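Please treat every number below as a calculation from the coordinates, not as lab data. Positions of Cβ are backbone-derived with ideal geometry, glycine not excepted, and every protein chain shown enters the neighbour counts.
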Amino acid sequence: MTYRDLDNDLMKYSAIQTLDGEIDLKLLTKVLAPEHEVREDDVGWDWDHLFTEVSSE
Amino acid sequence: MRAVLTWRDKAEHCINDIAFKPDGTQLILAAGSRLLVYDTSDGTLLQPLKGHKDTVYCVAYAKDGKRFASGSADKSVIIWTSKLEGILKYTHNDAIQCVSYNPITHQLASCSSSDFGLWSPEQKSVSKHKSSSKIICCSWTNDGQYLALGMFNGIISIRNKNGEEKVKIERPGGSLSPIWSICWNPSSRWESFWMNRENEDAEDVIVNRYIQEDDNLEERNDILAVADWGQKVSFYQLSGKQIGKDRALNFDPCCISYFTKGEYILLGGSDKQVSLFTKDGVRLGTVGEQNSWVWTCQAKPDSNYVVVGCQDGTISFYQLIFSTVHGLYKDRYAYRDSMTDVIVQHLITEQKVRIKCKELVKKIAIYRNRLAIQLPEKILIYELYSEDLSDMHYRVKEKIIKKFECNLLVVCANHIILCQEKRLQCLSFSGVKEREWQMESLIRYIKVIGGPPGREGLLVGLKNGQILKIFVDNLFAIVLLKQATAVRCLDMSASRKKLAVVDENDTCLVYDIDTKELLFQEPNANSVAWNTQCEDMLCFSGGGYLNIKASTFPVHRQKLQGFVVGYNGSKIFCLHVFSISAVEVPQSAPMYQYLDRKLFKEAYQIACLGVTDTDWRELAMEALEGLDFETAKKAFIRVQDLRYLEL
Amino acid sequence: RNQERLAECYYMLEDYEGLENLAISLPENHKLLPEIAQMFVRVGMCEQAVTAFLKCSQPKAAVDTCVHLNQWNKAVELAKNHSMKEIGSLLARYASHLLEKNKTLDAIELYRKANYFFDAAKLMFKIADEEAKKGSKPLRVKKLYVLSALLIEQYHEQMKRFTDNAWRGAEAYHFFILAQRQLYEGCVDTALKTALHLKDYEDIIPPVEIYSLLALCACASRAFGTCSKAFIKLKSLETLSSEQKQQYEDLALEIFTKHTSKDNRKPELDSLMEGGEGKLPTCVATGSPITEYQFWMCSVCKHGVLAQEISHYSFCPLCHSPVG
Amino acid sequence: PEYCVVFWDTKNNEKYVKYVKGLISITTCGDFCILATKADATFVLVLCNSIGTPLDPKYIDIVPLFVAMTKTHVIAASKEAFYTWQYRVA
């Protein structure tokens, strides 16, 4: 791996961390849950299943 | 599969080959530059035999048990009497590699770098016959007629008893894949040849002497195990034809070897263990794993013991224990045959069916129309295709490609039930989990106790002595009882009103389930069953006896070894160390125990399972004099005596 | 016509449809009904044993059978008897023993089977509160408050201040997830409106998460005065160390010196959040106030959604009930 | 490998069939018979009824070469010694 290939770990998240190239917000960003756990679906819940799922985690 | 170290020793040097006396009493080991003689019982080393100058690269020992051959780096071969004296020295062209006596004629072979030296007992000459290559390993055909040689050049070739060469096979790659050992399968009529001797005396000699200087092969039945350093094992006929395919490895194998039975293979090597295989080259398990390379793995004559030799000089003596795997339901004994098949036996019709897997069989369970089998990496569900109670046409219903850890397994109408080490899982057929239950202590025993399809009751016994009923359609486990000691074994009577328990102190305890109260106990039990139809009667085994008990009366005791698996009508399905035996009950005896008490109405229930016309007439007149005319009428109708029916 | 051994046969033959059609044929108070009832108990069948103990006019054994087979709903639903209240004390004692085994989810399910929907809602809220305070996965915490709110609705259904505000924690975590979704979607002014609406829920979501996410969305929006509000609210927190107060001040002063501590672009949602004029309902699809005169409302949770935005969904964005 | 022992009830005309290992002799007196057998040295006197269900297999440490049966006794003898067992059903 090159330096550029490693830098992909930081490249996308920088747009949330940083404002106008002048400010860095990283201390606040510690509160964020990651996008793939924050995303939601147009899918239904039923109490027996929803309880079973929340109990299985 | 289980293996136990019976004894161990370590020589001063590396151990190159192993020989057993045919009765199994002595073990001989080619260690460094001497022969070592061992007792197989406990590993006491009796004597270092001194004759050779340099490295004893091998030893082998003749089928009559009078003479053994040992070969050296000093170019000698020595023939030793079983009096442990070396009566006939010999001296080959170069260093010796492997030596092998013929099964039939006691003709010897002795391999070397170019030349192999056949001779038959006490003739005056030796056929020092030539080879293309270094002659690593040698094995006689099971009928004695061909000596097959494996070469460092990756060729196996087949020579007749006179020394002419008849057949060749090359491993594709040649000297890339040295043949480090080969073995003909023992499985033919000749294995009992030399198995009948009782000679009480031996030969004796003043001082050690010197010895100077084939058609229709496709109809010959023998099969050759080939282990090559291309890291593959394969099986071959005398015709040179390969059987099936190369059973691949991840090590340099050595000493591919068989038990006296010809059905299981031992395989040592640079895997630093002794692996165990079927005669089809499928893996079954692991005999003790080792600090160093394994050069040798020799199965003991007539028996399941194994002995191993390693590069570091360790000798290890193992017993293989081959545990029993089975389940019964009402009248269908399913059990492990070889280690890859289930035999399912209808106990009323005495029909058998064989279902062949392609792996080890680890667990079996059975229930009305459902059979389940666990292999190392999948679990199989089998189904009877008809509702006919005499059917045996099992088809595979579903096949769950998932690995499991378990202590116990059972099967119900629509479900597999898995006991993990403190947890009970219900899995659908098709592997999706339904429900789970967590116990307050480690599970020691489980049985299915019947029910409607999908709500079946399970009966569960814990190490703390608690006993539970669990319904597969319910999330909560119902306490039946608690006991002062662990549940070793567990059964319910025909109505589900009564329980029998083995308490892990070798006693049987018997309980009312509906009131949760002890009825009686017995001081010697190992396994127990209620009679499947006749309530108030049960059977157990323990301490070398079978024990039949009726309704709190005294117990009928007779000698047996083996265990009660079930009890139906007049028969107890006792299991001997390999097969079901079906003992019959003396029905006449418990019938009189009811007549002792004038229980005529109960005595008829023991009689009605099958007793003599003498027993029926004795029951009938006891009922007649007891003024039990409804019993006496029926007890005489069995005899059909109109005189007393008129009365 | 030998019912008394026809039962023994259908039991030994394992024909529970046969044994059912036998017991259903008998007269009430007939001598065989209590033994066929015990056969159905020994095999684990509650409805058949209850049917047999009702034809035998033997009701105490029906209740006891519902207890034994853990059918606590059917055990308490036999409302004709005083014993129903008495077994409510046994149900409480059994639940206390599950709680001594620490099996809180089974005690919730047992209280749900008891139709104790208030106590099931209270225990589900206790989990939702602890899992919130741990900083658990926000969507898991939405699911936990939704499970509680649905039990509060089931207790309200049973009638036909935790008692009066059923969806509050579900709203809080829903809008907290939606603000983070709107931030990842680059829709930062919608993320800002949703994060402003979270000001009301400091009793459920700790102020740190709220005012961090609000300060972040306000800064990304260039609402640096609204960001200044969020930073003042953060530094006031008595749970913070002087180090953390200083770190938040350093970031606030960095933003203030590099741009300003005032709004270069202005949110206006505080016009509702001062409360005097009242409040428009915040749309669960968007985290913004509903300006429509009349609009869709969920038949389950009774939150409003904009008549255009509800067309995007099959299930309610808050409660995941089907749309109607 | 077993002897196929058949108990043919001639009064009702029925066969009850019993496969026995190592059968040395059969003997009868009244309603009972003894199948004397080689145990799997020990030998076993399988006292048995007129339909072939075993009642009391007594193990003995002498070869049952000669056997005599009586309404109370079994006698078994080798070439050198004899064993007497008294029996009844209860």
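Give me the distance between the Cα centres of the range B:463-504 and the range D:66-89, rounded to whole Å. Their Cα centres are 48 Å away from one another. Annotation for the range C:129-163 versus the range B:548-594: alpha-carbon center distance of 61 Å. Note on the range B:362-417 and the range C:32-91: Cα centroid distance 35 Å, given to the nearest whole angstrom.
Taking only the Cα atoms of the range C:12-52, the radius of gyration and Dmax are 9.3, 26 Å. P(r) for the range B:118-269, from all Cα pairs and a bin width of 10 Å, is 10, 35, 32, 18, 6, 0 %, short bins first. Estimated at 0.36 nm per residue, the fully extended path between B:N221 and B:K403 surpasses their Cα-Cα distance by 61.7 nm. Taking only the alpha-carbon positions of the range B:429-544 and ignoring solvent, what does the Debye formula give for the base-10 log of I(q)/I(0) at q = 0.19 Å⁻¹? Per q value, in the given order, log10 I(q)/I(0) is -1.02. Once the Kirkwood radius over Cα pairs is known for chain B, the Stokes-Einstein relation at 25 °C and 0.890 mPa s delivers a diffusion coefficient of 85 µm²/s. Charged side chains reduced to their Cβ positions (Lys and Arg at +1, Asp and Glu at -1) give the range B:140-296 a dipole of some 680 debye around its Cα centre. Farthest toward the positive end of the dipole of the protein assembly as shown, out of C:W296, B:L45, C:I255, is the Cα of B:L45, where the dipole comes from beta carbon charges about the Cα centre.
In this label model, B:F520 and C:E4 are separated by 2.8 nm, measuring between points 7 Å along each Cα→Cβ vector.
The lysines within cross-link reach of B:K279, meaning a Cα-to-Cα straight distance under 16 Å and a gap of 8 or more places when in the same chain, are B:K232, B:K245, B:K261, B:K356, B:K358. Taking only the Cα atoms of the range B:170-221, the ratio Rg/Rh comes out at 1.16, with Rh defined as the Kirkwood radius.
With viscosity 0.890 mPa s and temperature 25 °C, the Kirkwood radius over alpha carbon pairs of the range B:193-349 converts through Stokes-Einstein to a diffusion coefficient of 129 µm²/s.
Taken residue by residue and averaged, Cβ atoms of other chains lying within 10 Å of the Cβ of B:460-466 number 0.
Neighbouring Cβ atoms from other chains, within 10 Å of the Cβ of residues in A:33-45, number 6 on average. Taken one residue at a time, the phi angles of the range B:579-591 give Karplus couplings (6.51, -1.76, 1.60, θ = phi - 60°) of 7, 6, 10, 6, 5, 9, 6, x, 3, 4, 5, x, 4 Hz. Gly and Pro are set to x. In the frame of its principal axes, the range B:81-185 has Cα extents of 45, 29, 23 Å, reported largest first. Every pair of different Cα atoms in chain C enters the Kirkwood calculation, which places the hydrodynamic radius at 24.1 Å. For the range B:506-597, the fraction of C-alpha pairs more than 22 angstrom apart is 25%. Measuring nothing but how far apart in sequence close Cα pairs (under 8 Å, 6+ apart) lie, relative to its length, the range B:257-349 scores a relative contact order of 17 percent. A Förster distance of 22 Å, applied to the separation of the beta-carbon atoms of C:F295 and A:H49, puts the FRET efficiency at 0.15. Average projection, convex hull of the Cα set of the range C:197-239: 2.8 square nanometres.
Loop only by DSSP, 15 or fewer other Cβ within 10 Å of the Cβ. Give me the trypsin sites (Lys or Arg not before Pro) in the range C:19-61 that pass, ordered by residue number.
For trypsin sites (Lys or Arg not before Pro) across the range C:19-61 that sit outside H, G, I, E and B with at most 15 neighbouring Cβ atoms in 10 Å, the list reads C:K31.
Using a simple spin-label model with pseudo-atoms 7 Å out from Cα toward Cβ, B:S132 and C:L54 lie 9.0 nm apart. Ranking of C:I290, B:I637 by neighbouring Cβ atoms within 10 Å, starting from the fewest: B:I637, C:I290.
The Cα atoms of the range A:4-57 cover 50, 26, 21 Å along the three principal axes, with the biggest extent listed first. Volume of the convex hull of chain D (Cα atoms only), normalised per residue: 95 Å³. Neighbour counts of other Cβ atoms within 10 Å put C:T291, B:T631, B:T314 in the fewest-to-most order C:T291, B:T314, B:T631.
The helix-based estimate of mean residue ellipticity at 222 nm for chain B, built from -39,500 (n - 2.57) per DSSP H run of four or more residues and divided by its residue count, is -2000 deg cm²/dmol to the nearest 500.
Each of A:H49, B:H52, B:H346, C:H82 was scored by other Cβ atoms within 10 Å of its Cβ. Listed from fewest to most, they are C:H82, A:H49, B:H346, B:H52.
Restricting the GluC sites (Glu not before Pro) of the range C:222-295 to loop positions (DSSP other than H, G, I, E, B) with no more than 10 neighbouring Cβ atoms within 10 Å leaves C:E238, C:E268, C:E274, C:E277. Distance between the 7 Å Cα→Cβ label points at D:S25 and C:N264: 12.1 nm. What you get for the protein assembly as shown, charging only the Cβ of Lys and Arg (+1) and of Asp and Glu (-1), is a dipole of about 1120 debye around the Cα centre. Take each peptide in D:76-85, B:63-72, count the other Cβ atoms within 10 Å of every residue, and average; sorted highest first, the result is B:63-72, D:76-85.
When Rg and Dmax are taken over the Cα atoms of the range B:552-647, they come to 16.0, 55 Å. Taking all C-alpha pairs of the protein assembly as shown, those more than 54 Å from each other amount to 48 percent. Rounded to two decimals, what is Rg over Rh for the range B:197-271 when you use alpha-carbon atoms and the Kirkwood radius? Here the Rg-to-Rh quotient is 1.20. In a DSSP loop and with at most 14 other Cβ atoms within 10 Å, the chymotrypsin sites (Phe, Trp or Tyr not before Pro) in the range B:553-633 are B:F578.
What the pair-distance distribution of the range B:224-311 shows, using all Cα-Cα distances binned every 5 Å from zero, is 3, 15, 27, 26, 18, 9, 3, 0 percent. Partner shielding of A:17-28 amounts to 5, given as the average count of beta-carbon atoms from other chains within 10 Å of each residue beta-carbon. Building the convex hull from the alpha-carbon atoms of the range B:345-495 and averaging its projection over directions returns 9.6 nm². An ellipsoid equivalent to the range C:177-324, defined through the eigenvalues of its Cα gyration tensor, has semi-axes of 31, 16, 14 Å when rounded to whole angstrom and sorted largest first.
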